[PDB]
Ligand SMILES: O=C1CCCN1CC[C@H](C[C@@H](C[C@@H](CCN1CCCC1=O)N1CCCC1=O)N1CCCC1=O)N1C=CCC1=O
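One chain follows as structure tokens, the form solved without this ligand.
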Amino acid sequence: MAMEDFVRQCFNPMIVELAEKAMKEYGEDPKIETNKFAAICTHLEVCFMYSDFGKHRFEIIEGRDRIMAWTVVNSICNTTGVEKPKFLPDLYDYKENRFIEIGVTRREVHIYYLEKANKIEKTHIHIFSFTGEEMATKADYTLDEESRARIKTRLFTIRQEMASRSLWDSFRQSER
């Protein structure tokens, strides 16, 4: 309940609506799976932030319905030649001409990185934590230092807000 209020109070309403929709399409109640709700919001926000700090360098795939995501991915592949992924990535980088998978973890960045790399094949991976750590494919961080730094500050602030409201301990030990 406190976690549900936190989410509504600290994410802009478009992120909340997107996260909510996603969950109840797949039979998940955001009032029950409150840690999941908050993680979905958090990840979505990072994806939007990462896109925004780009002229139009990044195409946003996360946050669309699957029809549109797959329409976007299909369209990108036919006009670039880049191999088509098996899972929907998060962004396309039109400068580096590669898909990006964004991860946001409350565990060690190397652990989650492995877990994503294993789950994927030419998709660039960029992991962020709530501690100001990141790990990215070939240590290529894609973004400039200021953009990365704004993302990390936002993540650390979510963490501390949660901790203000005694939600961090639950959120940290849970898993999306």
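We call the rigid core the largest set of C-alpha positions that still match within 1.5 Å between the two forms. The first residue of the shown sequence is 1; numbering continues from there.
Superposing on the core and measuring CA offsets in 7 other deposited structures of this protein, the stretch of 27-35 and 140-148 with the greater mean deviation is 27-35.
Where the structures in 7 other deposited structures of this protein are fitted on the rigid core, 62-70 is the one of 124-132 and 62-70 whose C-alphas sit farther from the shown form on average.
According to the record, the deposited sequence contains 1 to 3 residues between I120 and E121 that were left without coordinates.
Going from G54 to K55, the model skips 4 to 9 deposited residues, which lack coordinates. In this entry, 12-20 shows the higher mean Cα temperature factor of the pair 12-20 and 149-157.
Averaged over CA atoms, B-factors in the entry run higher in 28-36 than in the other of 28-36 and 43-51. In the PDB entry, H110 places in the middle third of its chain by CA B-factor. Annotation for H126: C-alpha temperature factor in the lowest third relative to the rest of the modelled chain, per the entry. When the modelled residues of the chain are ordered by C-alpha B-factor, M3 sits in the middle third.
Placement of the Cα temperature factor of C77 within the chain: highest third of the modelled residues, per the deposited record.
Here the subject shifts to the form deposited with this ligand bound, a form of this protein not shown in this document.
No residue of the trio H110, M135 and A139 has any heavy atom within 4.5 Å of this ligand in the deposited complex. In the deposited complex, this ligand sits within 4.5 Å of a heavy atom of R64. Though the partner is left out of this view, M14 does reach within 4.5 Å of this ligand in the deposited complex, counting heavy atoms only. This ligand in the deposited complex is not approached by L167, whose heavy atoms all lie more than 4.5 angstroms from it.
Interface membership of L143, defined by any non-hydrogen atom within 4.5 Å of this ligand in the deposited complex, is ruled out.
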